[PDB]
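> Pasting input_13.pdb here (PDB, N, CA and C atoms):
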```pdb
MODEL        1
ATOM      1  N   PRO S   1      15.012 -32.913 -20.607  1.00  0.00           N
ATOM      2  CA  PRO S   1      15.115 -32.625 -19.152  1.00  0.00           C
ATOM      3  C   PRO S   1      15.034 -31.151 -18.746  1.00  0.00           C
ATOM      4  N   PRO S   2      14.357 -30.842 -17.622  1.00  0.00           N
ATOM      5  CA  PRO S   2      14.247 -29.460 -17.119  1.00  0.00           C
ATOM      6  C   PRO S   2      15.609 -28.839 -16.797  1.00  0.00           C
ATOM      7  N   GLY S   3      15.612 -27.538 -17.021  1.00  0.00           N
ATOM      8  CA  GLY S   3      16.640 -26.679 -16.524  1.00  0.00           C
ATOM      9  C   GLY S   3      16.645 -26.515 -15.015  1.00  0.00           C
ATOM     10  N   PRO S   4      17.695 -25.870 -14.517  1.00  0.00           N
ATOM     11  CA  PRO S   4      17.859 -25.643 -13.090  1.00  0.00           C
ATOM     12  C   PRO S   4      16.906 -24.576 -12.590  1.00  0.00           C
ATOM     13  N   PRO S   5      16.749 -24.485 -11.243  1.00  0.00           N
ATOM     14  CA  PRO S   5      16.029 -23.332 -10.663  1.00  0.00           C
ATOM     15  C   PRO S   5      16.667 -21.997 -11.003  1.00  0.00           C
ATOM     16  N   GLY S   6      15.846 -20.962 -11.064  1.00  0.00           N
ATOM     17  CA  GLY S   6      16.338 -19.663 -11.480  1.00  0.00           C
ATOM     18  C   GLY S   6      17.035 -18.999 -10.301  1.00  0.00           C
ATOM     19  N   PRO S   7      17.401 -17.744 -10.554  1.00  0.00           N
ATOM     20  CA  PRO S   7      18.177 -17.003  -9.579  1.00  0.00           C
ATOM     21  C   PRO S   7      17.273 -16.612  -8.412  1.00  0.00           C
ATOM     22  N   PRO S   8      17.887 -16.274  -7.287  1.00  0.00           N
ATOM     23  CA  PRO S   8      17.132 -15.712  -6.189  1.00  0.00           C
ATOM     24  C   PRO S   8      16.459 -14.423  -6.627  1.00  0.00           C
ATOM     25  N   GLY S   9      15.333 -14.156  -5.970  1.00  0.00           N
ATOM     26  CA  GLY S   9      14.612 -12.919  -6.151  1.00  0.00           C
ATOM     27  C   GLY S   9      15.383 -11.768  -5.457  1.00  0.00           C
ATOM     28  N   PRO S  10      14.877 -10.553  -5.591  1.00  0.00           N
ATOM     29  CA  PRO S  10      15.533  -9.384  -4.998  1.00  0.00           C
ATOM     30  C   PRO S  10      15.222  -9.239  -3.536  1.00  0.00           C
ATOM     31  N   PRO S  11      15.958  -8.402  -2.811  1.00  0.00           N
ATOM     32  CA  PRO S  11      15.623  -8.151  -1.399  1.00  0.00           C
ATOM     33  C   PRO S  11      14.248  -7.527  -1.335  1.00  0.00           C
ATOM     34  N   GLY S  12      13.602  -7.828  -0.192  1.00  0.00           N
ATOM     35  CA  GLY S  12      12.316  -7.216   0.074  1.00  0.00           C
ATOM     36  C   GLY S  12      12.431  -5.719   0.285  1.00  0.00           C
ATOM     37  N   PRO S  13      11.274  -5.093   0.495  1.00  0.00           N
ATOM     38  CA  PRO S  13      11.192  -3.653   0.724  1.00  0.00           C
ATOM     39  C   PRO S  13      11.706  -3.324   2.109  1.00  0.00           C
ATOM     40  N   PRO S  14      11.954  -2.068   2.416  1.00  0.00           N
ATOM     41  CA  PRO S  14      12.388  -1.682   3.758  1.00  0.00           C
ATOM     42  C   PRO S  14      11.274  -1.925   4.777  1.00  0.00           C
ATOM     43  N   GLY S  15      11.731  -2.185   6.027  1.00  0.00           N
ATOM     44  CA  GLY S  15      10.728  -2.371   7.120  1.00  0.00           C
ATOM     45  C   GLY S  15      10.063  -1.062   7.441  1.00  0.00           C
ATOM     46  N   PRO S  16       9.121  -1.144   8.378  1.00  0.00           N
ATOM     47  CA  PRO S  16       8.426   0.068   8.780  1.00  0.00           C
ATOM     48  C   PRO S  16       9.304   0.906   9.728  1.00  0.00           C
ATOM     49  N   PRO S  17       8.924   2.182   9.944  1.00  0.00           N
ATOM     50  CA  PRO S  17       9.642   3.024  10.926  1.00  0.00           C
ATOM     51  C   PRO S  17       9.573   2.372  12.293  1.00  0.00           C
ATOM     52  N   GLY S  18      10.543   2.752  13.120  1.00  0.00           N
ATOM     53  CA  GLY S  18      10.459   2.359  14.545  1.00  0.00           C
ATOM     54  C   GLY S  18       9.437   3.257  15.289  1.00  0.00           C
ATOM     55  N   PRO S  19       9.287   2.880  16.559  1.00  0.00           N
ATOM     56  CA  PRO S  19       8.323   3.604  17.410  1.00  0.00           C
ATOM     57  C   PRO S  19       8.914   4.940  17.796  1.00  0.00           C
ATOM     58  N   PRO S  20       8.068   5.778  18.358  1.00  0.00           N
ATOM     59  CA  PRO S  20       8.515   7.116  18.824  1.00  0.00           C
ATOM     60  C   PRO S  20       9.624   6.944  19.855  1.00  0.00           C
ATOM     61  N   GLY S  21      10.492   7.936  19.931  1.00  0.00           N
ATOM     62  CA  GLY S  21      11.475   7.874  21.021  1.00  0.00           C
ATOM     63  C   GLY S  21      10.833   8.159  22.357  1.00  0.00           C
ATOM     64  N   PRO S  22      11.649   8.144  23.405  1.00  0.00           N
ATOM     65  CA  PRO S  22      11.149   8.407  24.755  1.00  0.00           C
ATOM     66  C   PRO S  22      10.859   9.866  24.966  1.00  0.00           C
ATOM     67  N   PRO S  23      10.088  10.218  25.999  1.00  0.00           N
ATOM     68  CA  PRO S  23       9.861  11.605  26.350  1.00  0.00           C
ATOM     69  C   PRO S  23      11.193  12.289  26.661  1.00  0.00           C
ATOM     70  N   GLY S  24      11.244  13.598  26.394  1.00  0.00           N
ATOM     71  CA  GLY S  24      12.317  14.490  26.847  1.00  0.00           C
ATOM     72  C   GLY S  24      12.446  14.553  28.358  1.00  0.00           C
ATOM     73  N   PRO S  25      13.502  15.236  28.814  1.00  0.00           N
ATOM     74  CA  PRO S  25      13.716  15.480  30.222  1.00  0.00           C
ATOM     75  C   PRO S  25      12.805  16.534  30.901  1.00  0.00           C
TER      76      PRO S  25
ATOM     77  N   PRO M   2      12.111 -25.275 -19.122  1.00  0.00           N
ATOM     78  CA  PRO M   2      12.820 -24.441 -18.086  1.00  0.00           C
ATOM     79  C   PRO M   2      12.626 -24.959 -16.672  1.00  0.00           C
ATOM     80  N   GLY M   3      13.556 -24.550 -15.815  1.00  0.00           N
ATOM     81  CA  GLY M   3      13.462 -24.839 -14.393  1.00  0.00           C
ATOM     82  C   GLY M   3      12.404 -23.993 -13.703  1.00  0.00           C
ATOM     83  N   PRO M   4      12.182 -24.366 -12.433  1.00  0.00           N
ATOM     84  CA  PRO M   4      11.234 -23.630 -11.588  1.00  0.00           C
ATOM     85  C   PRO M   4      11.831 -22.304 -11.191  1.00  0.00           C
ATOM     86  N   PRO M   5      10.991 -21.452 -10.596  1.00  0.00           N
ATOM     87  CA  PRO M   5      11.503 -20.146 -10.115  1.00  0.00           C
ATOM     88  C   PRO M   5      12.527 -20.345  -9.052  1.00  0.00           C
ATOM     89  N   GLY M   6      13.402 -19.345  -8.910  1.00  0.00           N
ATOM     90  CA  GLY M   6      14.424 -19.439  -7.884  1.00  0.00           C
ATOM     91  C   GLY M   6      13.777 -19.191  -6.555  1.00  0.00           C
ATOM     92  N   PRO M   7      14.616 -19.248  -5.520  1.00  0.00           N
ATOM     93  CA  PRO M   7      14.093 -19.031  -4.204  1.00  0.00           C
ATOM     94  C   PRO M   7      13.808 -17.530  -3.995  1.00  0.00           C
ATOM     95  N   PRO M   8      13.076 -17.216  -2.946  1.00  0.00           N
ATOM     96  CA  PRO M   8      12.825 -15.814  -2.577  1.00  0.00           C
ATOM     97  C   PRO M   8      14.140 -15.115  -2.271  1.00  0.00           C
ATOM     98  N   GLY M   9      14.128 -13.779  -2.537  1.00  0.00           N
ATOM     99  CA  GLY M   9      15.199 -12.925  -2.051  1.00  0.00           C
ATOM    100  C   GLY M   9      15.254 -12.827  -0.536  1.00  0.00           C
ATOM    101  N   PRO M  10      16.318 -12.159  -0.120  1.00  0.00           N
ATOM    102  CA  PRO M  10      16.485 -11.960   1.344  1.00  0.00           C
ATOM    103  C   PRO M  10      15.503 -10.909   1.847  1.00  0.00           C
ATOM    104  N   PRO M  11      15.270 -10.828   3.144  1.00  0.00           N
ATOM    105  CA  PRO M  11      14.517  -9.697   3.770  1.00  0.00           C
ATOM    106  C   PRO M  11      15.096  -8.337   3.387  1.00  0.00           C
ATOM    107  N   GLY M  12      14.258  -7.303   3.322  1.00  0.00           N
ATOM    108  CA  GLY M  12      14.726  -5.980   2.936  1.00  0.00           C
ATOM    109  C   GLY M  12      15.504  -5.352   4.070  1.00  0.00           C
ATOM    110  N   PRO M  13      15.917  -4.116   3.823  1.00  0.00           N
ATOM    111  CA  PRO M  13      16.700  -3.364   4.805  1.00  0.00           C
ATOM    112  C   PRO M  13      15.814  -2.953   5.999  1.00  0.00           C
ATOM    113  N   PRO M  14      16.420  -2.580   7.122  1.00  0.00           N
ATOM    114  CA  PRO M  14      15.635  -2.046   8.243  1.00  0.00           C
ATOM    115  C   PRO M  14      14.952  -0.765   7.831  1.00  0.00           C
ATOM    116  N   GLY M  15      13.814  -0.497   8.483  1.00  0.00           N
ATOM    117  CA  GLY M  15      13.068   0.744   8.339  1.00  0.00           C
ATOM    118  C   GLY M  15      13.887   1.888   9.000  1.00  0.00           C
ATOM    119  N   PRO M  16      13.386   3.104   8.873  1.00  0.00           N
ATOM    120  CA  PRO M  16      14.031   4.310   9.469  1.00  0.00           C
ATOM    121  C   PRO M  16      13.736   4.429  10.952  1.00  0.00           C
ATOM    122  N   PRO M  17      14.464   5.247  11.665  1.00  0.00           N
ATOM    123  CA  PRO M  17      14.114   5.527  13.063  1.00  0.00           C
ATOM    124  C   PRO M  17      12.744   6.160  13.144  1.00  0.00           C
ATOM    125  N   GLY M  18      12.078   5.873  14.283  1.00  0.00           N
ATOM    126  CA  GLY M  18      10.744   6.461  14.478  1.00  0.00           C
ATOM    127  C   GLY M  18      10.899   7.971  14.742  1.00  0.00           C
ATOM    128  N   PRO M  19       9.754   8.578  14.959  1.00  0.00           N
ATOM    129  CA  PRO M  19       9.720  10.018  15.187  1.00  0.00           C
ATOM    130  C   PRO M  19      10.235  10.372  16.572  1.00  0.00           C
ATOM    131  N   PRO M  20      10.531  11.617  16.859  1.00  0.00           N
ATOM    132  CA  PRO M  20      10.945  11.974  18.226  1.00  0.00           C
ATOM    133  C   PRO M  20       9.819  11.728  19.227  1.00  0.00           C
ATOM    134  N   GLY M  21      10.236  11.498  20.478  1.00  0.00           N
ATOM    135  CA  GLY M  21       9.251  11.362  21.575  1.00  0.00           C
ATOM    136  C   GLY M  21       8.569  12.672  21.845  1.00  0.00           C
ATOM    137  N   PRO M  22       7.611  12.616  22.783  1.00  0.00           N
ATOM    138  CA  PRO M  22       6.944  13.823  23.219  1.00  0.00           C
ATOM    139  C   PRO M  22       7.853  14.610  24.156  1.00  0.00           C
ATOM    140  N   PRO M  23       7.482  15.872  24.398  1.00  0.00           N
ATOM    141  CA  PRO M  23       8.141  16.684  25.416  1.00  0.00           C
ATOM    142  C   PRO M  23       8.134  16.037  26.795  1.00  0.00           C
ATOM    143  N   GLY M  24       9.099  16.439  27.617  1.00  0.00           N
ATOM    144  CA  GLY M  24       9.105  15.996  29.033  1.00  0.00           C
ATOM    145  C   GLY M  24       8.101  16.826  29.828  1.00  0.00           C
ATOM    146  N   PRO M  25       8.026  16.479  31.098  1.00  0.00           N
ATOM    147  CA  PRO M  25       7.136  17.136  32.033  1.00  0.00           C
ATOM    148  C   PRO M  25       7.615  18.538  32.416  1.00  0.00           C
TER     149      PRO M  25
ATOM    150  N   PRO N   1      16.508 -24.048 -20.292  1.00  0.00           N
ATOM    151  CA  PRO N   1      17.192 -23.043 -19.459  1.00  0.00           C
ATOM    152  C   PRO N   1      16.832 -22.946 -17.983  1.00  0.00           C
ATOM    153  N   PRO N   2      17.547 -22.117 -17.212  1.00  0.00           N
ATOM    154  CA  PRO N   2      17.180 -21.873 -15.818  1.00  0.00           C
ATOM    155  C   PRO N   2      15.835 -21.158 -15.769  1.00  0.00           C
ATOM    156  N   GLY N   3      15.182 -21.464 -14.652  1.00  0.00           N
ATOM    157  CA  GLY N   3      13.893 -20.856 -14.380  1.00  0.00           C
ATOM    158  C   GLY N   3      14.017 -19.383 -14.113  1.00  0.00           C
ATOM    159  N   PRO N   4      12.861 -18.766 -13.902  1.00  0.00           N
ATOM    160  CA  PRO N   4      12.782 -17.293 -13.681  1.00  0.00           C
ATOM    161  C   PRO N   4      13.280 -16.926 -12.297  1.00  0.00           C
ATOM    162  N   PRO N   5      13.520 -15.649 -12.031  1.00  0.00           N
ATOM    163  CA  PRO N   5      13.913 -15.285 -10.681  1.00  0.00           C
ATOM    164  C   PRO N   5      12.806 -15.549  -9.656  1.00  0.00           C
ATOM    165  N   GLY N   6      13.216 -15.846  -8.427  1.00  0.00           N
ATOM    166  CA  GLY N   6      12.227 -16.062  -7.361  1.00  0.00           C
ATOM    167  C   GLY N   6      11.554 -14.747  -7.033  1.00  0.00           C
ATOM    168  N   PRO N   7      10.596 -14.815  -6.112  1.00  0.00           N
ATOM    169  CA  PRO N   7       9.890 -13.631  -5.658  1.00  0.00           C
ATOM    170  C   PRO N   7      10.773 -12.784  -4.742  1.00  0.00           C
ATOM    171  N   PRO N   8      10.408 -11.503  -4.542  1.00  0.00           N
ATOM    172  CA  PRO N   8      11.157 -10.687  -3.584  1.00  0.00           C
ATOM    173  C   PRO N   8      11.057 -11.322  -2.196  1.00  0.00           C
ATOM    174  N   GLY N   9      12.051 -10.944  -1.376  1.00  0.00           N
ATOM    175  CA  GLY N   9      11.963 -11.298   0.051  1.00  0.00           C
ATOM    176  C   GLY N   9      10.941 -10.409   0.777  1.00  0.00           C
ATOM    177  N   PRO N  10      10.781 -10.786   2.057  1.00  0.00           N
ATOM    178  CA  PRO N  10       9.838 -10.034   2.913  1.00  0.00           C
ATOM    179  C   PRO N  10      10.385  -8.694   3.325  1.00  0.00           C
ATOM    180  N   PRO N  11       9.531  -7.862   3.875  1.00  0.00           N
ATOM    181  CA  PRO N  11      10.011  -6.543   4.354  1.00  0.00           C
ATOM    182  C   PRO N  11      11.066  -6.744   5.402  1.00  0.00           C
ATOM    183  N   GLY N  12      11.967  -5.768   5.497  1.00  0.00           N
ATOM    184  CA  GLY N  12      12.961  -5.803   6.551  1.00  0.00           C
ATOM    185  C   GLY N  12      12.311  -5.538   7.906  1.00  0.00           C
ATOM    186  N   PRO N  13      13.153  -5.591   8.941  1.00  0.00           N
ATOM    187  CA  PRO N  13      12.620  -5.362  10.270  1.00  0.00           C
ATOM    188  C   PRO N  13      12.331  -3.863  10.485  1.00  0.00           C
ATOM    189  N   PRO N  14      11.587  -3.527  11.528  1.00  0.00           N
ATOM    190  CA  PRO N  14      11.348  -2.133  11.912  1.00  0.00           C
ATOM    191  C   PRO N  14      12.668  -1.444  12.194  1.00  0.00           C
ATOM    192  N   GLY N  15      12.694  -0.105  11.950  1.00  0.00           N
ATOM    193  CA  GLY N  15      13.729   0.794  12.405  1.00  0.00           C
ATOM    194  C   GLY N  15      13.797   0.894  13.925  1.00  0.00           C
ATOM    195  N   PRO N  16      14.834   1.567  14.385  1.00  0.00           N
ATOM    196  CA  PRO N  16      14.991   1.764  15.811  1.00  0.00           C
ATOM    197  C   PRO N  16      14.012   2.812  16.307  1.00  0.00           C
ATOM    198  N   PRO N  17      13.800   2.861  17.597  1.00  0.00           N
ATOM    199  CA  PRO N  17      13.024   3.978  18.209  1.00  0.00           C
ATOM    200  C   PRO N  17      13.589   5.327  17.785  1.00  0.00           C
ATOM    201  N   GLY N  18      12.739   6.353  17.771  1.00  0.00           N
ATOM    202  CA  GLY N  18      13.232   7.665  17.391  1.00  0.00           C
ATOM    203  C   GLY N  18      13.995   8.291  18.521  1.00  0.00           C
ATOM    204  N   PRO N  19      14.405   9.550  18.278  1.00  0.00           N
ATOM    205  CA  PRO N  19      15.207  10.285  19.219  1.00  0.00           C
ATOM    206  C   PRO N  19      14.322  10.680  20.410  1.00  0.00           C
ATOM    207  N   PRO N  20      14.955  11.052  21.519  1.00  0.00           N
ATOM    208  CA  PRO N  20      14.206  11.597  22.660  1.00  0.00           C
ATOM    209  C   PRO N  20      13.492  12.898  22.286  1.00  0.00           C
ATOM    210  N   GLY N  21      12.362  13.175  22.952  1.00  0.00           N
ATOM    211  CA  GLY N  21      11.621  14.454  22.768  1.00  0.00           C
ATOM    212  C   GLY N  21      12.404  15.578  23.453  1.00  0.00           C
ATOM    213  N   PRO N  22      11.869  16.799  23.307  1.00  0.00           N
ATOM    214  CA  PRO N  22      12.524  17.997  23.874  1.00  0.00           C
ATOM    215  C   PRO N  22      12.243  18.112  25.383  1.00  0.00           C
ATOM    216  N   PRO N  23      12.999  18.924  26.106  1.00  0.00           N
ATOM    217  CA  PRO N  23      12.620  19.214  27.498  1.00  0.00           C
ATOM    218  C   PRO N  23      11.201  19.805  27.555  1.00  0.00           C
ATOM    219  N   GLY N  24      10.571  19.558  28.694  1.00  0.00           N
ATOM    220  CA  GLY N  24       9.240  20.025  29.024  1.00  0.00           C
ATOM    221  C   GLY N  24       9.355  21.444  29.555  1.00  0.00           C
ATOM    222  N   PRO N  25       8.239  21.817  30.148  1.00  0.00           N
ATOM    223  CA  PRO N  25       8.065  22.906  31.090  1.00  0.00           C
ATOM    224  C   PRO N  25       9.194  23.182  32.071  1.00  0.00           C
TER     225      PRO N  25
ENDMDL
END
```
Do you think you could lay out the structure here as structure tokens?


Amino acid sequence: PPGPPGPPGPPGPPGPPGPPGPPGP
Amino acid sequence: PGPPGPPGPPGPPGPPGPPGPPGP
Amino acid sequence: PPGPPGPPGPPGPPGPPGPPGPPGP
């Protein structure tokens, strides 16, 4: 008989940067 | 052997974006 | 035995907007 499913994989990579902030005053 | 495990969780958030442009 | 580790997860979400820009003219 087969063994159990293996462990979870690792977390994914970081997301991309956010968008530029708003213009200055 | 068993099948592969499930996928990992989503990664961490990305960094803040760059500063905005100058004001008027 | 248990199976191999799963695949990595997906990328995380985008970062927040950046800081405000500098004063203008």

> Need the shell around residue 17 in chain M: protein/DNA/RNA residues with any atom at most 6.5 Å away, counting all atoms listed in the file. Skip same-chain ones fewer than 6 positions apart. Format as a compact mmCIF listing (two decimals) with N, CA and C atoms, in the coordinates of the input?


```txt
# COMPACT_ATOMS: atom_id res chain seq x y z
N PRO S 17 8.92 2.18 9.94
CA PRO S 17 9.64 3.02 10.93
C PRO S 17 9.57 2.37 12.29
N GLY S 18 10.54 2.75 13.12
CA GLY S 18 10.46 2.36 14.54
C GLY S 18 9.44 3.26 15.29
N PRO S 19 9.29 2.88 16.56
CA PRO S 19 8.32 3.60 17.41
C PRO S 19 8.91 4.94 17.80
N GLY N 15 12.69 -0.10 11.95
CA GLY N 15 13.73 0.79 12.40
C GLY N 15 13.80 0.89 13.92
N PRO N 16 14.83 1.57 14.38
CA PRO N 16 14.99 1.76 15.81
C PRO N 16 14.01 2.81 16.31
N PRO N 17 13.80 2.86 17.60
CA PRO N 17 13.02 3.98 18.21
C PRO N 17 13.59 5.33 17.78
N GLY N 18 12.74 6.35 17.77
CA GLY N 18 13.23 7.66 17.39
C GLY N 18 14.00 8.29 18.52
N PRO N 19 14.40 9.55 18.28
CA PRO N 19 15.21 10.28 19.22
C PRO N 19 14.32 10.68 20.41
```

> Written as a PyMOL selection string, what is the full residue list that the PyMOL selection byres ((chain N and resi 11) around 6.5) yields on the file shown?

(chain S and resi 12-15) or (chain M and resi 11-13) or (chain N and resi 9-10+12-13)

> Just give me the gap between CA of residue 8 in chain N and CA of residue 3 in chain S in Å, one decimal is fine.

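Computing it gives 21.3 Å between the two atoms.
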
> To one decimal place in Å, what is the distance between CA of residue 25 in chain N and CA of residue 20 in chain S?

20.0 Å

> On this structure, which residues satisfy the PyMOL selection byres (((chain M and resi 7 and name CA) around 9) and name CA), written as JSON, numbers by chain?

{"S": [5, 6, 7, 8, 9], "M": [5, 6, 8, 9], "N": [5, 6, 7, 8]}

> Can you measure atom C of residue 4 in chain M to CA of residue 1 in chain S for me? One decimal in Å is fine.

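Atom C of residue 4 in chain M sits 13.4 Å away from CA of residue 1 in chain S.
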
> Counting only N, CA and C atoms, what is within 6.5 Å of residue 24 in chain N, bar same-chain residues fewer than 4 positions away, as a ChimeraX atom specification?

/S:24-25 /M:23-25

> Can I get chain M with N, CA, C and O atoms filled in, as a PDB file, keeping the file's coordinate frame?


```
ATOM      1  N   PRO M   2      12.111 -25.275 -19.122  1.00  0.00           N
ATOM      2  CA  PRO M   2      12.820 -24.441 -18.086  1.00  0.00           C
ATOM      3  C   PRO M   2      12.626 -24.959 -16.672  1.00  0.00           C
ATOM      4  O   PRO M   2      11.683 -25.670 -16.318  1.00  0.00           O
ATOM      5  N   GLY M   3      13.556 -24.550 -15.815  1.00  0.00           N
ATOM      6  CA  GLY M   3      13.462 -24.839 -14.393  1.00  0.00           C
ATOM      7  C   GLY M   3      12.404 -23.993 -13.703  1.00  0.00           C
ATOM      8  O   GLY M   3      11.829 -23.069 -14.246  1.00  0.00           O
ATOM      9  N   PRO M   4      12.182 -24.366 -12.433  1.00  0.00           N
ATOM     10  CA  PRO M   4      11.234 -23.630 -11.588  1.00  0.00           C
ATOM     11  C   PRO M   4      11.831 -22.304 -11.191  1.00  0.00           C
ATOM     12  O   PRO M   4      13.042 -22.055 -11.422  1.00  0.00           O
ATOM     13  N   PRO M   5      10.991 -21.452 -10.596  1.00  0.00           N
ATOM     14  CA  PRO M   5      11.503 -20.146 -10.115  1.00  0.00           C
ATOM     15  C   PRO M   5      12.527 -20.345  -9.052  1.00  0.00           C
ATOM     16  O   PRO M   5      12.592 -21.341  -8.314  1.00  0.00           O
ATOM     17  N   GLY M   6      13.402 -19.345  -8.910  1.00  0.00           N
ATOM     18  CA  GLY M   6      14.424 -19.439  -7.884  1.00  0.00           C
ATOM     19  C   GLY M   6      13.777 -19.191  -6.555  1.00  0.00           C
ATOM     20  O   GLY M   6      12.586 -18.969  -6.418  1.00  0.00           O
ATOM     21  N   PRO M   7      14.616 -19.248  -5.520  1.00  0.00           N
ATOM     22  CA  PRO M   7      14.093 -19.031  -4.204  1.00  0.00           C
ATOM     23  C   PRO M   7      13.808 -17.530  -3.995  1.00  0.00           C
ATOM     24  O   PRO M   7      14.335 -16.664  -4.727  1.00  0.00           O
ATOM     25  N   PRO M   8      13.076 -17.216  -2.946  1.00  0.00           N
ATOM     26  CA  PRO M   8      12.825 -15.814  -2.577  1.00  0.00           C
ATOM     27  C   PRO M   8      14.140 -15.115  -2.271  1.00  0.00           C
ATOM     28  O   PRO M   8      15.124 -15.677  -1.761  1.00  0.00           O
ATOM     29  N   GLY M   9      14.128 -13.779  -2.537  1.00  0.00           N
ATOM     30  CA  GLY M   9      15.199 -12.925  -2.051  1.00  0.00           C
ATOM     31  C   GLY M   9      15.254 -12.827  -0.536  1.00  0.00           C
ATOM     32  O   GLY M   9      14.442 -13.307   0.232  1.00  0.00           O
ATOM     33  N   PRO M  10      16.318 -12.159  -0.120  1.00  0.00           N
ATOM     34  CA  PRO M  10      16.485 -11.960   1.344  1.00  0.00           C
ATOM     35  C   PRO M  10      15.503 -10.909   1.847  1.00  0.00           C
ATOM     36  O   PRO M  10      15.000 -10.104   1.065  1.00  0.00           O
ATOM     37  N   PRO M  11      15.270 -10.828   3.144  1.00  0.00           N
ATOM     38  CA  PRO M  11      14.517  -9.697   3.770  1.00  0.00           C
ATOM     39  C   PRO M  11      15.096  -8.337   3.387  1.00  0.00           C
ATOM     40  O   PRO M  11      16.277  -8.195   3.105  1.00  0.00           O
ATOM     41  N   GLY M  12      14.258  -7.303   3.322  1.00  0.00           N
ATOM     42  CA  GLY M  12      14.726  -5.980   2.936  1.00  0.00           C
ATOM     43  C   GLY M  12      15.504  -5.352   4.070  1.00  0.00           C
ATOM     44  O   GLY M  12      15.680  -5.945   5.149  1.00  0.00           O
ATOM     45  N   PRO M  13      15.917  -4.116   3.823  1.00  0.00           N
ATOM     46  CA  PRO M  13      16.700  -3.364   4.805  1.00  0.00           C
ATOM     47  C   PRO M  13      15.814  -2.953   5.999  1.00  0.00           C
ATOM     48  O   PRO M  13      14.584  -2.934   5.924  1.00  0.00           O
ATOM     49  N   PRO M  14      16.420  -2.580   7.122  1.00  0.00           N
ATOM     50  CA  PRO M  14      15.635  -2.046   8.243  1.00  0.00           C
ATOM     51  C   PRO M  14      14.952  -0.765   7.831  1.00  0.00           C
ATOM     52  O   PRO M  14      15.380   0.006   6.944  1.00  0.00           O
ATOM     53  N   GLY M  15      13.814  -0.497   8.483  1.00  0.00           N
ATOM     54  CA  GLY M  15      13.068   0.744   8.339  1.00  0.00           C
ATOM     55  C   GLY M  15      13.887   1.888   9.000  1.00  0.00           C
ATOM     56  O   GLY M  15      14.878   1.636   9.694  1.00  0.00           O
ATOM     57  N   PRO M  16      13.386   3.104   8.873  1.00  0.00           N
ATOM     58  CA  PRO M  16      14.031   4.310   9.469  1.00  0.00           C
ATOM     59  C   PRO M  16      13.736   4.429  10.952  1.00  0.00           C
ATOM     60  O   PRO M  16      12.787   3.812  11.431  1.00  0.00           O
ATOM     61  N   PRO M  17      14.464   5.247  11.665  1.00  0.00           N
ATOM     62  CA  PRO M  17      14.114   5.527  13.063  1.00  0.00           C
ATOM     63  C   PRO M  17      12.744   6.160  13.144  1.00  0.00           C
ATOM     64  O   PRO M  17      12.270   6.854  12.243  1.00  0.00           O
ATOM     65  N   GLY M  18      12.078   5.873  14.283  1.00  0.00           N
ATOM     66  CA  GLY M  18      10.744   6.461  14.478  1.00  0.00           C
ATOM     67  C   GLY M  18      10.899   7.971  14.742  1.00  0.00           C
ATOM     68  O   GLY M  18      11.969   8.552  14.773  1.00  0.00           O
ATOM     69  N   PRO M  19       9.754   8.578  14.959  1.00  0.00           N
ATOM     70  CA  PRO M  19       9.720  10.018  15.187  1.00  0.00           C
ATOM     71  C   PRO M  19      10.235  10.372  16.572  1.00  0.00           C
ATOM     72  O   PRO M  19      10.347   9.506  17.484  1.00  0.00           O
ATOM     73  N   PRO M  20      10.531  11.617  16.859  1.00  0.00           N
ATOM     74  CA  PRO M  20      10.945  11.974  18.226  1.00  0.00           C
ATOM     75  C   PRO M  20       9.819  11.728  19.227  1.00  0.00           C
ATOM     76  O   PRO M  20       8.639  11.779  18.894  1.00  0.00           O
ATOM     77  N   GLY M  21      10.236  11.498  20.478  1.00  0.00           N
ATOM     78  CA  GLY M  21       9.251  11.362  21.575  1.00  0.00           C
ATOM     79  C   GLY M  21       8.569  12.672  21.845  1.00  0.00           C
ATOM     80  O   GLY M  21       8.947  13.699  21.264  1.00  0.00           O
ATOM     81  N   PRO M  22       7.611  12.616  22.783  1.00  0.00           N
ATOM     82  CA  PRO M  22       6.944  13.823  23.219  1.00  0.00           C
ATOM     83  C   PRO M  22       7.853  14.610  24.156  1.00  0.00           C
ATOM     84  O   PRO M  22       8.882  14.112  24.636  1.00  0.00           O
ATOM     85  N   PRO M  23       7.482  15.872  24.398  1.00  0.00           N
ATOM     86  CA  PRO M  23       8.141  16.684  25.416  1.00  0.00           C
ATOM     87  C   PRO M  23       8.134  16.037  26.795  1.00  0.00           C
ATOM     88  O   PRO M  23       7.242  15.267  27.134  1.00  0.00           O
ATOM     89  N   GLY M  24       9.099  16.439  27.617  1.00  0.00           N
ATOM     90  CA  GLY M  24       9.105  15.996  29.033  1.00  0.00           C
ATOM     91  C   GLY M  24       8.101  16.826  29.828  1.00  0.00           C
ATOM     92  O   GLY M  24       7.409  17.753  29.383  1.00  0.00           O
ATOM     93  N   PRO M  25       8.026  16.479  31.098  1.00  0.00           N
ATOM     94  CA  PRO M  25       7.136  17.136  32.033  1.00  0.00           C
ATOM     95  C   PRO M  25       7.615  18.538  32.416  1.00  0.00           C
ATOM     96  O   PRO M  25       8.756  18.941  32.126  1.00  0.00           O
TER      97      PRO M  25
END
```
